[PDB]
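Chains as they are written, first to last, in the entry's author numbering: chain B, 15 to 332; chain A, 15 to 220, 227 to 332.
This report concerns only the one structure given below.
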Amino acid sequence: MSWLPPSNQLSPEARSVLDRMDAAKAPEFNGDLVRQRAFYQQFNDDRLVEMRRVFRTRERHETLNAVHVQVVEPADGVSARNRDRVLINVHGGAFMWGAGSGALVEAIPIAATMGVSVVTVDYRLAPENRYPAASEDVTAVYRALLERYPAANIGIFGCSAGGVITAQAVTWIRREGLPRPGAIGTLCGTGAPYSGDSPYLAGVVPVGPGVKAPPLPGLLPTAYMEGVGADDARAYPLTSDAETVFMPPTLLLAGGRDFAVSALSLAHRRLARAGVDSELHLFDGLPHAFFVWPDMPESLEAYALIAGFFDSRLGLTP
Amino acid sequence: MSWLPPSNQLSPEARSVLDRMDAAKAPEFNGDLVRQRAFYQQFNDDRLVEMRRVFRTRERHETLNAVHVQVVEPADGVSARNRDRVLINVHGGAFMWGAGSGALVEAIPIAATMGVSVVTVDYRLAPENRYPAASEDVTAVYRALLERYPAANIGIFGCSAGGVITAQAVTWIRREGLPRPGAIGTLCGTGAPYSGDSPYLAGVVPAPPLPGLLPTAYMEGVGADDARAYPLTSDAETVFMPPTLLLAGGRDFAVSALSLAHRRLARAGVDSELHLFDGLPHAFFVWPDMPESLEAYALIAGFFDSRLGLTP
Ligand SMILES: [Cl-]
Ligand SMILES: [Mg+2]
Ligand SMILES: [Mg+2]
């Protein structure tokens, strides 16, 4: 928030990115979905230009069990170590955009940094489609990849809305009776509402002098989730002791100034108490989804933590 | 943070503790160290009463290599799980107080929750003593414990100033040529200055830049370059750290330093774990009357239970 100086931990590069992130903030769209989607198409294309400058990858289109995916590989080839591994990426974009370039923006840095194949899923978006459409889509992709890869060697990750869907996909996979994935990354978001202090600090809910700050909702406000109960453990698994016990090893990663931080710190407590192997990282001073901007050492550092989590937690053998 | 509601994650018991914490806040002492020490003696005696009502432990005084300790155990004895393990506690208290009751306030909940022997160190305090006096004292106790316990089965933990001294003791043990401890807990502080956003949000600053050193008399005249004094800022010292638990309240001025320490340990390939308790301040877990404190004690116990060895 505005009274503070930039975190004194940030690289000069990051301080530059923060100025541009603030300057690049969306105008009010007033329900004009077409104008909103155009804005974020340009945003995602802009970050993809930055990704392609830093990383060397090759992308193919594929269809797996009637779901459209992009398969992103390092241009140098997958490492020997990762021959029998694969990651599924679930893009962010507020459950309403991010298809195509936003999906590549999340898949490219991980494919290149880990030296692994990343299958980024073109799941059904809101407002046209509702929960559990995205869960069904990611589970269909997962089901296809089990023909080629052991469950223990498959990771699933996503940023923001993609972190929410990654957690929801886990429960849908269990509902289908499939073996659970080897590990997941619930980045800047998980299967829980936003809670705690961080939504107030990040300015998602206004606070200050003369302001009667309201309580926070116990549901994600997106149309994708409208009408889904708090008590649906498959929709909100990190609030459910039962679905939390069944989670695979989980990475939770956020910027320090991300409205998601308080929810992820509580989710990590719950996973620890449930006996699940989880890891939490916070990058002080950085906002929600900071690692879609690759021109700072902090983003490369995040890609290394994501790669290192999967490299440690996923199985290797065919 | 006056414009914020209490974190909606907190138990009703925690919301009560928040009000008790505010009632218990120190007045301005204007550098009168005697009045300050008297206030914190009373503070620590008050938390000790709370600890004694919640947990059943026995405390013994011992001397190990000329350093005074209290040995804190569950009243009916250490668990079979922990027969070949011991923790060293290093108390907080701004490097100037916390001796005796402060030390028991950190040792009792962990001894009782884990079912383990906790040896809490009566280290030399500022301003009478300066760095590296406390590192020397903790290392002397560690040296004595190696007579009975494998290095891999010894943990060291402390809160606030004690978390700082824990990290500094690690480097001192290495300087002495001893085997490194099995695991440490750098709770609400580590071998690094307070940095990042959290000191501003916690309101321990009104904005100006932050210091690159710890401002305490204990550290006066120690350089930033002393990697033994500030190991979590040194790439070299960080690689040699043992498995580390970092834990703080979400509103603690230590949060940002610990998140960076955790990133540094991960990059260095050290096993580390971070937990943050949304809505709680610095050293929250000296107040045992809330589920969140019991939960913190269980994370501390779980970390040492997973990372310490079991061989005799
Ligand atoms: Cl962690
Ligand atoms: Mg663990
Ligand atoms: Mg690790």
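Note that the Cβ used here is the ideal one computed from N, Cα and C, for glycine as well.
- From the beta-carbon of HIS302/B, no residue of chain A is found nearer than 7 Å; the closest lies around 15 Å away.
- Secondary structure of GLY243/B (DSSP, three-state): coil.
- Using beta-carbon distances, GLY210/A counts as an interface residue toward chain B, with a partner under 7 Å.
- At a cut-off of 6 Å, the beta-carbon of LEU294/B counts as near ligand 1: some heavy atom of the ligand is closer than that.
- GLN182/B sits in a helix when the DSSP states are folded into three classes.
- When secondary structure is reduced to three states using DSSP, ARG144/B falls in the coil class, being assigned neither helix nor strand.
- Residues of the same chain with a CB within less than 8 Å of the CB of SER149/A, apart from the 5 flanking positions on each side, are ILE179, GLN182, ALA183, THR185, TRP186 and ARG248 in chain order.
- Here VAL130/A is not near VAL81/A, since their CB atoms are 7 Å or more apart.
- Counting the other CB atoms within 10 Å of its CB gives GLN23/A a total of 16 or more, which places it among the buried residues.
- Counting other Cβ atoms within 10 Å of its Cβ, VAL63/A stays below 16 and is therefore classed as exposed.
- Here the C-alpha atom of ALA227/B lies approximately 29 Å from the C-alpha atom of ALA277/A.
- In this structure, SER174/B lies near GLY203/B, with their beta-carbon atoms less than 7 Å apart.
- Listed along the chain, the chain A residues whose CB falls inside 8 Å of the CB of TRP17/B are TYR214 and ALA227.
- Per DSSP, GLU42/A lies in no beta strand (DSSP E) segment and is marked neither H nor E.
- Assignment of beta strand (DSSP E) within the region 51-87 of chain B, counting only whole runs of 3 or more residues, yields 71-78 in chain order.
- Nearest to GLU142/A by C-alpha distance, out of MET110/A, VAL135/A and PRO164/A, is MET110/A.
- Residue contact with chain A for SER279/B: present (Cβ-Cβ distance below 7 Å to some residue of chain A).
- Here the alpha carbon of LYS39/A sits roughly 22 Å from the alpha carbon of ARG67/A.
- In the DSSP assignment, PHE297/A falls outside any alpha helix (DSSP H) and lies within the beta strand (DSSP E) extending over 292-297.
- For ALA268/A, the three-state secondary structure derived from DSSP is strand.
- Distance from the Cα of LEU265/A is smallest, within the candidate group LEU314/A, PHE324/A, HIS302/A and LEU215/A, for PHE324/A.
- Under the 7 Å criterion on CB atoms, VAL221/B is classed as interfacial with respect to chain A.
- At least one C-beta of chain B is nearer than 7 Å to the C-beta of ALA286/A.
- Rounded to the nearest angstrom, the gap between the Cα atoms of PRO164/A and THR153/A is 15 Å.
- Annotation for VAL31/A: the continuous alpha helix (DSSP H) segment containing it runs 26-37.
- Among the CB atoms of chain A, none fall inside 7 Å of the CB of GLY199/B.
- Cβ proximity to chain B below 7 Å picks out nothing from the region 99-113 of chain A.
- In the structure shown, the three-state DSSP call for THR331/A is coil.
- When beta bridges are read from the DSSP output, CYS173/A appears opposite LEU201/A.
- Scanning its chain for C-beta atoms nearer than 6 Å, with the 5 sequence neighbours on each side dropped, one finds around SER292/A the residues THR264, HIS282 and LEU285, in chain order.
- Of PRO146/A, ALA166/A and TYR137/A, the smallest CA-CA separation from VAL155/A is found for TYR137/A.
- Look at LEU294/A: its C-beta is under 7 Å from a C-beta on chain B.
- Under the criterion of beta carbons closer than 8 Å, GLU120/B and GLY176/B qualify as touching, at roughly 7 Å.
- A Cβ-Cβ separation of about 10 Å leaves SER21/B out of contact with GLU312/B under the 8 Å criterion.
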